[PDB]
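Q: Handing you this structure, nothing more for now.
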Amino acid sequence: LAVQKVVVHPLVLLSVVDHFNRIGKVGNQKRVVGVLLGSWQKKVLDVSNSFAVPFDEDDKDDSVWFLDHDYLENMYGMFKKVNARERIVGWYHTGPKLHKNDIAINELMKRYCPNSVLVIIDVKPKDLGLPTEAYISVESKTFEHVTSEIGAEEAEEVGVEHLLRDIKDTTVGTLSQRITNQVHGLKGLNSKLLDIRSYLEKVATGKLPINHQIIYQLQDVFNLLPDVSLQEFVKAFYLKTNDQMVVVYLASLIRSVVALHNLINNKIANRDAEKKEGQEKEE
Amino acid sequence: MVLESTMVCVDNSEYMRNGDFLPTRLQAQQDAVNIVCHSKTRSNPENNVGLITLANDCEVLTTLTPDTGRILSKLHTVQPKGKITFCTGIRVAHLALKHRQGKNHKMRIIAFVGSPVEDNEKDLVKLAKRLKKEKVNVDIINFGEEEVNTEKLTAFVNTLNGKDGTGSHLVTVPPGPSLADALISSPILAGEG
Amino acid sequence: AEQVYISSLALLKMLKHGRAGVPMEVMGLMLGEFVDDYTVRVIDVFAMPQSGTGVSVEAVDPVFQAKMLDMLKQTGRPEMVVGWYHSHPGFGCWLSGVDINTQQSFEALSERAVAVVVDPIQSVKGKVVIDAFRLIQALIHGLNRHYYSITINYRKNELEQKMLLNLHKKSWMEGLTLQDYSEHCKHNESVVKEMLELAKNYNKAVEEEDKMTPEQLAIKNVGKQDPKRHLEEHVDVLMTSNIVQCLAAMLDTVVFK
Amino acid sequence: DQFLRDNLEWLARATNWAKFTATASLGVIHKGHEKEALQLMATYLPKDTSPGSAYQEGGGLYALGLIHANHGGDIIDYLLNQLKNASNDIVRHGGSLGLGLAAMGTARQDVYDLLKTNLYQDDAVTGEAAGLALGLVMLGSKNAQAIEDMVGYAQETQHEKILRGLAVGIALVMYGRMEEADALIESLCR
């Protein structure tokens with residue numbers, strides 16, 4: 001029932017995109033919508049397939065909307081006839097963030113599924129990665145944010161690799177990858193902090209209502225702030241770093257021995273080589 | 001005859017909750033619909049209609065189709081004492097017709113007035129405008145208290161209307177039975193369709 | 001000179017359905033447009049249901065087909081049926097005669113309709129195997145006799161790719177995360193220990209092989225595990241794993257404060 | 001015509017384009033006959049009917065200028081008239097070929113222009129040659145507008161070949177310009 005981590009296959013991404021540019025839907029005053037098939041049973045949600053849903057918003061500032069229920073229950077079973085294992089889960093709108101009628105219509109999809117999920121594909125990509133963001137609705141009744149991932153099934157491994165090949169990263173090893181992932185995280189951090197910062201401004205300006213529930217959490221962020229080049233920590237880190245030095249003093253070192261040995265072998269090949277060549281130069 | 005999409009607007013409401021002639025108004029609505037829609041699908045096959053509920057919870061009660069699936073859909077009830085979503089319902093019915101299937105189908109709407117009809121004239125006419133803008137055919141079923149008339153509904157059919165059936169034609173339903181007989185007169189059916 | 005362009009969504013839907021059907025040669029239809037006599041473009045695909053029997057003419061389901069067609073019309077995906085995919089898992093890319101007859105049943109619909117064979121299993125992660133071609137390893141079936149091959153390319157977008165990049169990315173809270181230290185220490189204590197036993201191995205191989213050749217060498221090292229690739233490979237983990245952990249802390253201490 | 005006579009069934013074994021090509025391979029053979037060539041092409045020229053295949057008929061067109069390159073402008077423009085009169089298919093390609101052939105290095109907007117439609121007429125057959133001859137006409141520093149056009153038509157016009165030969169034309173009318181085309185170069189690079 002209660003689920004935590006959400007998994008997504010890249011085919012819903014590309015599919016939804018092609019829905020976007022297929023239907024020419026402006027990214028300013030308009031969004032795209034379709035539904036999502038996958039496995040909702042366990043405490044994760046594996047999303048696999050999707051298909052586009054025709055729908056209308058009510059002029060500007062939509063009070064009402066329309067989504068075709070007949071289109072759904074006509075398509076659904078026409079998917080069942082293909083792979084029966086893919087169950088109708090939830091829907092998506094490609095619109096940057098959530099909206100108004102969202103929470104209203106999810107209640108609608110509770111008719112055609114059980115739990116019902118809503119994720120938002122970012123079609124612009126102009127931001128950083130994870131164009132998706134996963135949401136459910138819990139009581140009140142708002143959208144809880146969930147973690148997501150892009151989990152390539154074998155077929156999508158093959159697909160994405162054949163394609164993205166001409167764009168992938170060529171540096172593998174392990175050190176470059178990790179040290180990259182970090183800085184990527186640092187950039188991430190700096191972003192979130194902005195967000196909270198200027199918001200609080202809007203709190204002090206942007207007609208900040210109150211949200212005593214956020215401010216509490218900010219405080220709790222400070223209370224969790226590790227201070228303290230304390231005589232305690234200063235030792236912990238110190239005692240730890242040294243352990244790391246011992247491991248490094250071995251790896252780097254012995255490794256150097258391995259190069260040395262290899263060099264020796266090369267000199268062996270050269271020496272033997274000139275002997276036979278100079279030998280041949282005789283006749 | 002007709003190649004256009006239609007919408008059936010049903011108020012199940014303070015009138016529909018209440019028999020205006022057998023068995024209930026809301027029921028009197030029903031077979032009249034099929035009657036209509038039959039002639040609608042007899043007008044042409046492919047003639048499509050919507051079905052939607054307004055009140056405190058406006059929504060489609062079935063949409064798009066062209067055959068029985070509506071008669072299917074309409075089969076089940078509604079909130080019987082409900083209230084006006086008309087404007088919204090219509091504005092939905094408009095957007096409905098914005099997605100009407102395999103266009104070259106003109107936009108049409110058929111509306112039961114089972115509600116006291118609360119709305120503002122401009123909004124009403126903004127609808128009428130929006131319709132005429134969208135170019136919707138609009139005919140209304142109204143038996144109101146008094147009736148709902150000398151009102152929005154009267155301005156509206158006018159306000160929608162440059163050309164009659166390309167925009168609007170009215171009938172305001174009278175007290176008593178013979179609905180199919182009654183409306184046989186009104187350009188809710190026949191005449192220009 | 002003739003060619004087809006296969007959009008990304010097509011190819012991924014393709015490989016997905018194929019890889020899902022193992023091993024009953026599924027089938028589906030291809031939506032696209034014929035640019036000129038030298039081109040076919042496939043922008044879309046939808047999947048055709050299975051049957052008590054493999055792919056064949058009647059496997060094509062008219063009810064299903066049109067039922068999908070109009071459904072897509074409502075979504076503005078209007079496009080001819082330009083070809084039909086298929087899969088021959090494990091048997092490479094070619095048309096059986098039974099594949100052929102059906103291909104004809106798509107000739108008389110449009111003379112330029114093509115056949116696309118996908119091969120889910122062999123299709124490696126590197127260069128996905130795909131083949132498209134039309135009638136008149138594979139040469140056993142008359143690659144050039146009854147039919148003939150075509151060429152393929154892929155219509156792209158700078159964004160599409162951008163989504164796919166994050167495919168093998170990480171998370172958010174990632175980069176600042178510090179794996180369980182104590183547990184890490186075991187890797188260095190346990191990893192270094194395992195290497196120790198190897199250290200002597202490398203010693204014995206240098207003192208031994210020191211007096212031999214490569215042919216004699218294959219007898220030694222095809223048998224056992226030389227400790228060379230173990231020390232160098234083993235040092236890899238300690239190096240980077242330790243550096244990342246050391247580096248991660250260095251940042252958390254200064255940054256997080 | 002030594003072997004040309006040898007196999008006449010050669011022509012049978014030629015194909016519409018080969019038939020088209022076999023007809024053009026004549027201008028080569030006669031290249032430097034500044035009178036005969038036209039008469040050489042005469043039997044295979046235009047209006048003078050044909051034994052079969054408008055390509056062979058198309059063949060002379062391109063085949064013609066082979067001898068007359070720079071010297072056939074009249075016939076060229078004349079043929080360009082035939083082009084102008086109807087730009088499309090072989091009747092426009094083979095001509096669309098030989099036009100810029102003789103028109104090469106000579107700046108004639110019509111050559112650019114007349115093709116520019118034949119170009120824009122979007123015959124993978126025909127429009128291709130336009131992507132060349134237009135380059136050939138303005139072969140030189142040319143004009144950036146055609147470049148824009150070509151480059152536009154490149155991104156604009158939807159075809160592999162028709163789109164392809166454009167850059168070639170772009171390659172043409174950027175000649176010795178060096179530093180100049182770097183933009184489009186960079187553009188083309190990008």
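Starting from 1 in every chain, residues are counted up; chains themselves are A, B, ... following the order of the structure tokens, and ligands are numbered from 1 as listed.
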So which residues of range 64-214 of chain C fall under strand (DSSP E or B) by DSSP, listed as a VMD selection string?

A: chain C and resid 80 to 87 114 to 118 130 to 135 147 to 149 152 to 153

Q: Just list as an NGL selection string whatever in range 5-98 of chain D DSSP marks as alpha helix (DSSP H).

A: :D and (5-6 or 9-13 or 16-29 or 36-42 or 54-68 or 73-85 or 90-98)

Q: Select all residues from chain D having any atom no more than 9 Å from an atom of chain C (counting only C-alpha atoms, ignoring ligands), output as a PyMOL selection string.

A: chain D and resi 123-124+158-160

Q: Counting only C-alpha atoms, collect the residues of chain C whose closest atom lies at most 10 Å from chain B, and write them out as a ChimeraX atom specification.

A: /C:70-71,73-74

Q: Mind writing the picked residues with N, CA and C atoms as an mmCIF file, in the first residue's frame?

A:
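New file out.cif:
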```cif
data_model
loop_
_atom_site.group_PDB
_atom_site.id
_atom_site.type_symbol
_atom_site.label_atom_id
_atom_site.label_comp_id
_atom_site.auth_asym_id
_atom_site.auth_seq_id
_atom_site.Cartn_x
_atom_site.Cartn_y
_atom_site.Cartn_z
ATOM 1 N N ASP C 70 -8.349 5.767 -35.326
ATOM 2 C CA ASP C 70 -9.195 6.904 -34.956
ATOM 3 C C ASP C 70 -8.791 7.457 -33.597
ATOM 4 N N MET C 71 -8.542 6.536 -32.672
ATOM 5 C CA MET C 71 -8.145 6.904 -31.325
ATOM 6 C C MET C 71 -6.977 7.852 -31.345
ATOM 7 N N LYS C 73 -6.196 9.599 -34.136
ATOM 8 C CA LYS C 73 -6.698 10.788 -34.829
ATOM 9 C C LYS C 73 -7.051 11.868 -33.820
ATOM 10 N N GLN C 74 -7.827 11.487 -32.817
ATOM 11 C CA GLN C 74 -8.216 12.423 -31.778
ATOM 12 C C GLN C 74 -6.997 13.102 -31.147
#
```

Q: Write down, as a PyMOL selection string, each residue of chain A that has any atom within 8 Å of an atom of chain B, counting only C-alpha atoms.

A: chain A and resi 54-58+63-66+68-70

Q: Counting only C-alpha atoms, what is within 8 Å of residue 121 in chain C, bar same-chain residues fewer than 6 positions away, as a PDB file with C-alpha atoms, in the first residue's frame?

A:
```
ATOM      1  CA  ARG C  19      12.205  -7.566 -25.357  1.00  0.00           C
ATOM      2  CA  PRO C  89      14.677 -13.178 -31.313  1.00  0.00           C
ATOM      3  CA  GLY C  90      17.937 -15.065 -31.471  1.00  0.00           C
TER       4      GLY C  90
END
```

Q: Taking only C-alpha atoms into account, find every residue of chain C that has an atom no more than 6 Å from chain A, and write it out as a count of residues only.

A: 18

Q: Give me the residues within 6 Å of residue 146 in chain C as a PyMOL selection string, counting only C-alpha atoms and dropping any in the same chain fewer than 2 places off.

A: chain C and resi 135-136+142

Q: Store the residues picked out above, limited to N, CA and C atoms, as a PDB file, in the first residue's frame.

A:
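Written file, selection_33.pdb:
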```
ATOM      1  N   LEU C 135      10.766  -6.536 -50.332  1.00  0.00           N
ATOM      2  CA  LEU C 135      10.913  -7.692 -51.209  1.00  0.00           C
ATOM      3  C   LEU C 135      11.266  -7.317 -52.640  1.00  0.00           C
ATOM      4  N   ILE C 136      11.236  -8.318 -53.516  1.00  0.00           N
ATOM      5  CA  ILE C 136      11.369  -8.131 -54.949  1.00  0.00           C
ATOM      6  C   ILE C 136      10.117  -8.666 -55.642  1.00  0.00           C
ATOM      7  N   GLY C 142      18.123 -15.912 -48.893  1.00  0.00           N
ATOM      8  CA  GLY C 142      18.060 -15.063 -50.059  1.00  0.00           C
ATOM      9  C   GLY C 142      17.870 -13.627 -49.647  1.00  0.00           C
TER      10      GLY C 142
END
```
